Amino acid sequence: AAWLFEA
Amino acid sequence: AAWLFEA
Amino acid sequence: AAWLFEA
Amino acid sequence: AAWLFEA
Amino acid sequence: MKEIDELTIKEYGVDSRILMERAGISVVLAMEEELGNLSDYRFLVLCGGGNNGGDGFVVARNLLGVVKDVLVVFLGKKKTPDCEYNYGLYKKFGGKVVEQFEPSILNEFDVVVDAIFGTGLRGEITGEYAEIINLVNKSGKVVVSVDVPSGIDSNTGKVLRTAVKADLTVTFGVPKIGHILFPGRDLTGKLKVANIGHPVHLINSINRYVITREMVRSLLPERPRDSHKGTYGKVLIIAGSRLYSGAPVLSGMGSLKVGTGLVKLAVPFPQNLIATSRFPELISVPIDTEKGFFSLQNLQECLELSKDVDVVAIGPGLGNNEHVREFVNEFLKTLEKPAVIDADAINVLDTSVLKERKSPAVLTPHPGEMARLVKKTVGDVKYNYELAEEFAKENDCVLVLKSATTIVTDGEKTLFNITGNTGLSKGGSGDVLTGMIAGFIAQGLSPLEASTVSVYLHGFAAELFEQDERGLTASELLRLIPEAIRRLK
Amino acid sequence: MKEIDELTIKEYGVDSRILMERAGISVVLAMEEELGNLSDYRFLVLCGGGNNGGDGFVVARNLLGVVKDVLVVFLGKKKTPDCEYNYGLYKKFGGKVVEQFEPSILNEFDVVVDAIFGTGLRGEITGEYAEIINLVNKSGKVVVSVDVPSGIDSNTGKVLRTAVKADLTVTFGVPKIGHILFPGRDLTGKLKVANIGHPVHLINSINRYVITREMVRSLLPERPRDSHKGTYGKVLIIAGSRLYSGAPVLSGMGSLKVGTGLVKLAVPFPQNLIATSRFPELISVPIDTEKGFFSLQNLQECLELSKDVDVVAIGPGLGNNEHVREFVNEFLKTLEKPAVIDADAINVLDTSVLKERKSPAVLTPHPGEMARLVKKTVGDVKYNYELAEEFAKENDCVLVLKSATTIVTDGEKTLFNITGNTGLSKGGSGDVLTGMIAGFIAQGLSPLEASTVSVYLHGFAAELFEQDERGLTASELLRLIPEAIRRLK
Amino acid sequence: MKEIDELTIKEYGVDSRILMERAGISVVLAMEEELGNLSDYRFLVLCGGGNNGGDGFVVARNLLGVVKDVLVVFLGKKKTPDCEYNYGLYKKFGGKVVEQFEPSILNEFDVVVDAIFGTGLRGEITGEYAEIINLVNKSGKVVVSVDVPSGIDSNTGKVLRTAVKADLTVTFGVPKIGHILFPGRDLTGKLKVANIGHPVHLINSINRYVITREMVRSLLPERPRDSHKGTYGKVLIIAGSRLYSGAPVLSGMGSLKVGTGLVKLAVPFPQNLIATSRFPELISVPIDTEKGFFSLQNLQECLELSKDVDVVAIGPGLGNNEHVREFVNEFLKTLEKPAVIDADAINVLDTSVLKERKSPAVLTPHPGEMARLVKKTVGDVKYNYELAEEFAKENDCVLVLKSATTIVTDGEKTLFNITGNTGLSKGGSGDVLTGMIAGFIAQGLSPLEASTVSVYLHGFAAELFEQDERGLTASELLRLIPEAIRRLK
Ligand SMILES: Nc1ncnc2c1ncn2[C@@H]1O[C@H](COP(=O)(O)OP(=O)(O)O)[C@@H](O)[C@H]1O
Ligand SMILES: Nc1ncnc2c1ncn2[C@@H]1O[C@H](COP(=O)(O)OP(=O)(O)O)[C@@H](O)[C@H]1O
Ligand SMILES: Nc1ncnc2c1ncn2[C@@H]1O[C@H](COP(=O)(O)OP(=O)(O)O)[C@@H](O)[C@H]1O
Ligand SMILES: Nc1ncnc2c1ncn2[C@@H]1O[C@H](COP(=O)(O)OP(=O)(O)O)[C@@H](O)[C@H]1O
Ligand SMILES: Nc1ncnc2c1ncn2[C@@H]1O[C@H](COP(=O)(O)OP(=O)(O)O)[C@@H](O)[C@H]1O
Ligand SMILES: Nc1ncnc2c1ncn2[C@@H]1O[C@H](COP(=O)(O)OP(=O)(O)O)[C@@H](O)[C@H]1O
Ligand SMILES: Nc1ncnc2c1ncn2[C@@H]1O[C@H](COP(=O)(O)OP(=O)(O)O)[C@@H](O)[C@H]1O
Ligand SMILES: Nc1ncnc2c1ncn2[C@@H]1O[C@H](COP(=O)(O)OP(=O)(O)O)[C@@H](O)[C@H]1O
Ligand SMILES: Nc1ncnc2c1ncn2[C@@H]1O[C@H](COP(=O)(O)OP(=O)(O)O)[C@@H](O)[C@H]1O
Ligand SMILES: [K+]
Ligand SMILES: [K+]
Ligand SMILES: [K+]
Ligand SMILES: [Mg+2]
Ligand SMILES: [Mg+2]
Ligand SMILES: [Mg+2]
């Protein structure tokens, strides 16, 4: 889930 | 259900 | 729900 | 769902 | 219904303001039922000068202080006494009225209440009225029409130049014909019928009805446990030709699917063999013909076959040539059984024969067949209930004039059917209905009752189709009939 | 509300018949909502001669032809103009009226509509009226009362000799005090309040209200994310004694459970240690006393502790002897902070001190404490809202008079609380409410707002108890408070 | 991060336009994730003259032909080269730009993209800029801020006169301090951090971090199966007084709930007995004191008790008077164990003592305690990370400066905690954290690690409370700690 965005 | 409205 | 009756 | 990818 | 209002006021003594109040609150309750909580919405109420507009002022007034915003645009140039009284109330309650309609005004509102014209509409809508109605139709707002969508003739369902297309219509006392017949049926959207206090005896004195589930349920014949096929009657179907070999099969199964005990088809050889290869429960009697069509040489054999049945259906796929004409008319003149007359039997019918017959008849034309039968245009006859009534009365028959809304009349009582969908707009569907009607007659219902139950069930079976309606065929419709019957109880 | 009707007629111009029509149909709709389809039931409508009876005639008339049976028993000896008009309609519509009530008549009916007396009741019910009401109460039929159950005084909720016990009461415009206060609250059964068309501005001009979920939700203080305990205030509770060591603990946690930042208790040593052994989140300051009770020797220390807080609650478990009296009165005379005054602090209070105080106060008596405070009988003060109003106004305070319906007034605005159940009828429950009120004051609500939110939440927490209410104790109530808060949004 | 951009361009060779492109598409993808399909929405993009505005032009351009409507309002008076390039693209792609902001323009749009100012903000916002930002804040539209909401200082989180309140903020590379500290944390709304292509080595070279779940999970000490209480360390807590008898209990259980093997409290008699009446797992040693407070006469006994433990926590509820001051300072000067120093031990601390100590320390002040400790105003110290850093470095300690965002620093590394809620804004919650920190030190974590894990877990336990947060008390928080630990893996 994490290549583009960190939550 | 039916005193006021018929469907 | 509320035009005619308040509970 | 559709800005980047069309299926 | 206009007589109903006036008797309720003048003879029962209900103040006309009381009726108008009840009408307006019915609209508010109906809208709540349909939109949920009203308090979020902004309402634009379009009021004419008549009592439809007066009902609108009642609506507007009862939304004050409870919804996000209300505005009345008053579009008339004088007010009836009750409209005037209710305008005065709306204003005393703090309501805003304007008399100029501004195109951009639609922007600031979520719901349009259409109280411009009701049953008092007379003539084509023009001028500002037409412009305002066209603006509302282009607006994509939620539209609630009071009594009838403005622009529909409430007696015929015709559009008078232009009309409002409503999401919801709230009408009073009883449905109006213009809600039931197209195009008006389409412009009505969802219809609610509100009780506004007329005495029940007056509401029930109306002689034109919508066929309802409860009426059909009470007409369904009984199935006593100690029975046999003869309990449930016998049908003869005289149908088909070398050109039209499928019609007999669809009519025959139509009678068997509604619970008839026995069905015999008389069809030209070898086409008769088509029926039992599909449905071996059918009896399909081979008729020897010269050229693949019924003629006078088959008269005696058909009368003979008629002796042992309760009802005869005639016409589907007979073809229309002179020898069929001779045969059909001489047959019906001598047949002393109820007759269901469809399709090519109507195309060649001499209506004098219906007057001579002692036995009953049902005729099942679509508007093209009715037009040819009475020598008028399709446009003259379509949805023409009064002509249908006159015809049934003059010819001592039941007339079932087929269309998306089907009319069933014996001249005294007229019923309207609103079940069905466009899956029935495909060859074969009429043939099935013919078998259904004959079947119910054979089971003991009157011609009028049989017709009433059949048109409803036929349309409701179409609605039970699982996939898209446009792919419904007559064979699938047949399969659905018993599910329609089950759901009806 | 009688002024509301008359302004709506005489100044807004709504015909009195329109109001009466709307009242009667409201009753029919309410009954349908509660009983389902009406068509199976037989209705006995008991009509007096006034406008309550007139509303009943409207009910009766609107059931004609739709239900199994309707009968009106007319019990008056003359009819108001609107009752007369509506009687005439019922009869023109084919309705049956009798004037003799026969005991056995209850047998043939399922529902009794009680339209004998509404707000026009004056004096004790006697004679045939009383007999008929007692017969209905013994009958085990479903009872629907129009406006107020006949026999309840709508201003006080008292029973006038005898009254109808209703399953459902439909009232118009606003709830009446007699629906809210006992015994009337009990005889009302389920209450529906119907909108019958009064302008909203008049309905909102009433100055006595039922505390509702929405009102409490809008009063709940905010919890900004960037906060710390000081954001949410500080409470000092002066409470307890060698006899009553538990009261401080219940009050203290009452303030913490509603979201107060810091709570300090001042309690006689060693009883102060009881609090932190239960709830170590509390600060429980030991007060050196001569004999286990607060006295004048503790005055200076308590004022000192008051300097660093936002509100002081005083009274739970202090005991009532002369040295407590001296201390409480001198303390309150010098305290320059809002004060919540409960229990033994009310028992020893000199009311002159409330007049001298510049700072605000809330008093939280039950009727026995209120009775002693004003030197009247419990019966004189219980549910006596006007005396409560007068008291709050004369003493510049908020008065919270506790009972199953709690009254909260500052003399100008009066609110009624109807949450809670008999689980709160047990020692300790008042102590919790005291902490809740102080807490909300510390969080920034006015004395009146804090009292309003607290009485509602306190009663609603009691209703959330999972087991039988009679086993609810104060400690469990404490645990439920945050669930009540969560459900309130 | 400004250095990060410039190294990525000048030394790694990534064209500045590539970074800006990636930034803008990140915003589009983020919005889609949050709003669903974009094609229904109308977008108003507010662009300044700098690179924040340049990112906005990229957003606008990538929405052309895909959404219902896009309009850029350009609010600057000259454009940086990359903003100019991207403005040119937006226009070549058919985009509409206006330079006058019209109040009513908000009406015709669903989403406001705020690309006015990013990290290039300097000084108070005034004039048209302020007016436009206030108009957007009043509008109730969905607001998406590019990089940082315009008006937040990205270094401090302060509002520069006025700032945008965003529903969603998309920032690039790493979170900025102004997203993490209040008020900016509140105005940021939901924060997404987008990878726009900086080398990972540069992104990881930042020395200030948000404490994350993964970091806390990797720091949790092991629980080898073959263990006993001594494996998991021993804590001494020196706490409480005759005034504050609850503090010791909350600190003690704080250490036991995070998995410490043994906890001993030293508390003045008889207050020590309070702890074991609640939690008999605790050892609560009675200390004989003259007046209910620790003093120099207890020094020798406390050092003796310190011999057999791994860590000493001191301060909660000690009170602040001269004899406590003498005792605390002489104790800490001689104690040769790690010390966790909280509450009144900070209030009386001589900071020279921290410089003399060979053993480590953690200090856990809220801003009022930090203010008194360094002789500044609360406003000077709150959220002042650089002062915290300087303090930790000068005094050779770890400083945990408590607030809704907690800062944890040893002078070299600074971490920010964003777990927790307003339920912790209530006395007792700090006492629990003190026990947690000491516990993790006893288990073998460094002072900095222990502090990092504790602030996170403490806040996350608060979030696990089942009911409304405002009713959370310290005792409930204690119960939630082990659930927080379980969820963390
Ligand atoms: N075609 C039309 N164009 C313009 N105005 C019309 C038209 N038809 C009717 N009206 C006006 O609208 C009035 C009332 O309509 P409606 O309210 O339905 O009648 P009623 O008052 O009988 O209920 C008519 O009496 C007439 O003056
Ligand atoms: N529901 C209907 N509405 C209008 N016209 C109809 C309808 N059904 C049939 N018609 C008319 O009748 C004609 C088709 O009928 P026809 O060819 O005589 O018999 P069939 O089509 O059943 O063999 C069409 O031209 C059509 O205008
Ligand atoms: N759109 C529609 N909605 C409802 N019923 C329809 C529709 N189109 C056709 N029908 C019904 O289907 C049947 C068509 O019969 P007919 O017109 O005799 O066609 P066919 O002769 O092709 O078998 C009639 O019962 C008619 O009422
Ligand atoms: N206690 C009583 N006993 C007998 N009759 C009463 C009593 N109280 C009131 N009534 C009668 O009932 C009438 C109307 O009651 P109601 O319908 O509530 O009044 P209104 O007509 O004001 O609405 C009174 O005006 C009175 O004549
Ligand atoms: N809700 C109530 N309704 C009627 N009376 C009450 C109520 N609450 C308390 N009382 C009266 O007060 C008395 C008990 O109060 P009291 O003993 O003075 O204080 P407490 O019971 O709180 O120690 C009872 O005799 C009772 O009549
Ligand atoms: N039956 C009941 N229904 C609703 N609330 C009740 C009931 N009985 C008691 N209460 C409430 O409980 C609390 C009792 O307080 P108080 O009478 O001071 O008792 P105590 O002093 O014993 O703690 C009040 O808030 C009262 O309104
Ligand atoms: N307080 C302010 N008021 C008005 N304009 C400002 C203010 N602060 C900054 N600006 C303008 O906005 C420009 C760019 O902001 P931003 O796009 O965040 O910078 P960068 O171009 O470094 O990314 C600044 O260089 C300046 O000209
Ligand atoms: N998170 C915080 N933000 C701002 N101020 C704070 C915070 N926590 C505490 N304070 C300040 O410190 C004061 C309360 O602290 P103090 O009374 O010295 O210790 P405690 O309240 O823990 O006994 C308040 O006046 C408040 O301004
Ligand atoms: N609104 C909030 N959000 C997150 N954490 C909070 C909030 N308010 C208080 N806290 C946390 O709760 C604890 C309060 O500690 P302290 O200020 O020492 O209070 P106390 O001394 O009353 O026990 C700190 O860890 C602080 O970071
Ligand atoms: K209309
Ligand atoms: K009554
Ligand atoms: K921005
Ligand atoms: Mg046909
Ligand atoms: Mg009490
Ligand atoms: Mg603290």
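Residues numbered from 1 in each chain as written, not as in the entry; some residues may be left out. Chains lettered and ligands numbered in written order. Part of a larger assembly, values for the part shown. Heavy atoms only, no water.

Per the deposited record, determination of this structure is attributed to X-ray crystallography, with the resolution reported as 2.150 Å.

Engineer: Honestly, the pattern of salt bridges in this entry has me stumped. Any pointers?
Structural biologist: Pairing between side chains of opposite charge can happen when their charged atoms approach one another. Tallied over the full model, the rule gives 52 salt bridges over all chains. Where E:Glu33 meets E:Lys192, a salt bridge forms, and the shortest distance between an N and an O atom there is 2.9 Å. Remark: E:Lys192 occurs in strand β7 (residues 190–194) and E:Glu33 occurs in helix α2 (residues 16–35); sequence separation between them is 159 residues. Given a relative accessible area of 48%, E:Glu33 falls into the partly exposed group. Residue E:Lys192 is classed as buried on the basis of its relative accessible area, which comes to 11%. The salt bridge partner of E:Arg42 is E:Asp110, with a shortest N-O separation of 3.3 Å. Separated by 68 residues along the polypeptide, E:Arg42 in strand β1 (residues 42–47) and E:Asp110 in the loop between β3 (97–98) and β4 (111–115) bring together distant segments of the chain. A cluster of three or more residues bridged by salt bridges with shared partners is formed by E:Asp15, E:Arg17, F:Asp15 and F:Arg17. (Salt bridge = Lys/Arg side-chain N within 4 Å of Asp/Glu carboxyl O. Helix = DSSP H or I, 4+ residues; strand = E, 2+ residues; numbered from the N terminus. Buried < 20%, exposed > 50% of the residue type's maximum accessible area, 1.4 Å probe, protein only.)

Engineer: Honestly, the coordination of the potassium ion (ligand 10) in this entry has me stumped. Any pointers?
Structural biologist: As a benchmark, a tetrahedral metal site with four donors has ideal angles of 109.5 degrees, while an octahedral site with six donors has ideal angles of 90 or 180 degrees. Residue and element names in this part refer to chain E. The protein atoms donating to the potassium ion (ligand 10) are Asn52 (OD1), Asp114 (O), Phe117 (O), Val146 (O), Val148 (O) and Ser150 (OG), with metal-donor distances spanning 2.7 to 3.0 Å. Viewed at the metal, the six donor atoms of the potassium ion (ligand 10) are separated by angles of 63 to 171°, and the geometry they form is irregular. The sequence pattern formed by the donor residues of the potassium ion (ligand 10) is N-x61-D-x2-F-x28-V-x1-V-x1-S. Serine 150 matches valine 148 in its accessibility class, with the two residues each being buried. (Donors = N, O, S within 2.8 Å, 3.2 Å for Na, K, Ca; no water. Tetrahedral: all angles 85-135°; square planar, octahedral: opposite > 155°, others 65-115°.)

Engineer: I would appreciate a short explanation of the interface of chain D and chain G in the present structure.
Structural biologist: Quite often, the size of an interface is put as the accessible area lost when its parts meet. Opposite the four residues of chain D that make contact, chain G presents seven residues. Between chain D and chain G, roughly 500 Å² of surface is buried when both sides are summed, and carbon and sulfur atoms account for 64% of that area. Counting the contacts that link chain D with chain G gives three residue pairs in polar contact. Considering only residue class, the side of chain D that touches chain G consists of four nonpolar, no polar and no charged. (Contact = heavy atoms within 4.5 Å. Buried area = accessible area lost by both parts, 1.4 Å probe. Polar contact = N/O pair within 3.5 Å; in protein donor to acceptor, adjacent residues only side chain to side chain. Nonpolar A, V, L, I, M, F, W, Y, C, P; charged D, E, K, R; others polar.)

Engineer: Explain the interface of chain G and chain F here, please?
Structural biologist: Listed by partner, the interface residues are 33 residues for chain G and 34 residues for chain F. Across the chain G to chain F interface the summed buried area is about 2,800 Å²; carbon plus sulfur atoms make up 54%. Together, G:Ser425, G:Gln467 and G:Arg470 form the three largest contributors to the area buried by chain G at its contact with chain F, with a combined 23%. For the pair chain G and chain F, the number of links is three salt bridges. Note that F:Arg225 and G:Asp186 form a salt bridge whose closest N and O atoms lie 3.2 Å from each other. The tally of links between chain G and chain F comes to 15 residue pairs in polar contact. Of the residues belonging to the side of chain G that touches chain F, the class tally is twelve nonpolar, twelve polar and nine charged.

Engineer: What exactly am I supposed to notice about the relation of the copies chain G and chain F here?
Structural biologist: A rotation about an axis combined with a shift along that same axis relates the two copies of the chain. When chain G is fitted onto chain F, the two copies agree to an RMSD of 0.0 Å after a turn of 90° and an axial shift of 0.0 Å. The superposition operator between the copies reduces to a four-fold rotation axis. Considering only C-alpha atoms, the part of chain G nearest the rotation axis is G:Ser277, at 4.5 Å. Looking at the interface residues of chain G, only 6% of them are also at the interface in chain F, so each copy uses its own face. (Least-squares fit on C-alpha atoms.)

Engineer: I would appreciate a short explanation of the packing of aromatic side chains in the present structure.
Structural biologist: Aromatic ring pairs are described here by two measures, namely the spacing of the ring centres and the angle between the planes. Residue and element names in this part refer to chain E. Scanning the model with the defined rule gives 32 aromatic pairs over all chains in all. Their ring planes at 70° and their centres at 5.5 Å tell us that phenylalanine 57 and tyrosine 87 sit as a pair that is edge-to-face. Linking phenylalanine 57 in helix α3 (residues 51–63) with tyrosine 87 in helix α4 (residues 81–92), this pair joins segments that are 30 residues apart in sequence. Given a relative accessible area of 0%, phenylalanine 57 falls into the buried group. (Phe/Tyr/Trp six-rings, centres within 6.5 Å; stacked < 30°, edge-to-face > 60°.)

Engineer: Please clarify how the UniProt feature "binding site: (6S)-NADPHX 2" in chain E should be interpreted in this entry.
Structural biologist: All names here are of chain E. Mapped onto this structure's residue numbering, the UniProt feature "binding site: (6S)-NADPHX 2" falls at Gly317 and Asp431. On the basis of their most widely separated C-alpha atoms, the annotated residues across 115 residues gather in one place, lying no more than 8.9 Å apart. Residue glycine 317 is classed as buried on the basis of its relative accessible area, which comes to 10%. Not counting chain neighbours up to four residues away, the residues in contact with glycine 317 comprise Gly240, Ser241, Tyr244, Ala247 and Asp344. Leave out the neighbours within four places in its chain, and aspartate 431 touches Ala247, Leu250, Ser251, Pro316 and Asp342. (UniProt positions renumbered as here; feature names shortened; annotations may be inferred.)

Engineer: Even after reading the chapter, I still don't get the packing of helix α10 (residues 247–257) of chain F against helix α21 (residues 474–487) of chain F, so can you show me in this structure?
Structural biologist: All names here are of chain F. In contact at an axis separation of 10 Å, α10 and α21 are set at 10° when each is read in the N-to-C sense. Put simply, α10 runs roughly parallel to α21. The segment α10 lies against α21, with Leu250, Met253, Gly254 and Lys257 engaging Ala474, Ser475, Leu478, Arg479, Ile481, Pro482 and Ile485. Within the contact of α10 with α21, the residues separate by chemical class into seven nonpolar, two polar and two charged. (Axes fitted to C-alpha atoms, helices over the stretch in contact; angles between N-to-C directions. Parallel < 35°, antiparallel > 145°, perpendicular 65-115°, else oblique.)

Engineer: Where do I start with a negative patch on the surface in this structure?
Structural biologist: All names here are of chain E. Residues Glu326, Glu330, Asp350 and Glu356 make up a contiguous surface patch of negative charge. Here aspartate 350 shows up in the loop between α14 (344–347) and α15 (351–356). Given a relative accessible area of 37%, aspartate 350 falls into the partly exposed group. (Patch = residues over 30% accessible without salt bridge, like charges linked within 9 Å, V, L, I, M, F, W, Y side chains within 5 Å. Areas by Shrake-Rupley, 256 points an atom, 1.4 Å probe, with all protein chains shown as cover. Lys, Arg positive; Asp, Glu negative; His and termini not counted. Charge placed at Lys NZ, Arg CZ, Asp CG, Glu CD.)

Engineer: Where do I start with the sheet that holds strand β11 (residues 283–287) of chain E in this structure?
Structural biologist: Two strands in a sheet stick together by hydrogen bonds in their backbones, pointing the same way (parallel) or opposite ways (antiparallel). Residue and element names in this part refer to chain E. A sheet is described by the order of its strands in space; here ten strands give the open sequence β8-β17-β16-β15-β14-β13-β12-β9-β10-β11, paired in mixed fashion. Either end of the sheet is taken by a strand with one partner, and the two such strands are β8 (208–210) and β11. Pairs of neighbouring strands in the sheet enclose a mean axial angle of 20°, with direction left out of account. For strand β9 (residues 234–238) and strand β10 (residues 262–268), the ladder comprises five bridges, and the chain directions are parallel. Within β10, the position partnered with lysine 234 by the bridge is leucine 262. In the packing of helix α20 (residues 447–463) onto the sheet, contacts are made with β14 (361–363), β15 (398–401), β16 (406–409) and β17 (414–417), and the angle to β16 comes to roughly 165°. (Pairing = 2+ DSSP bridges.)

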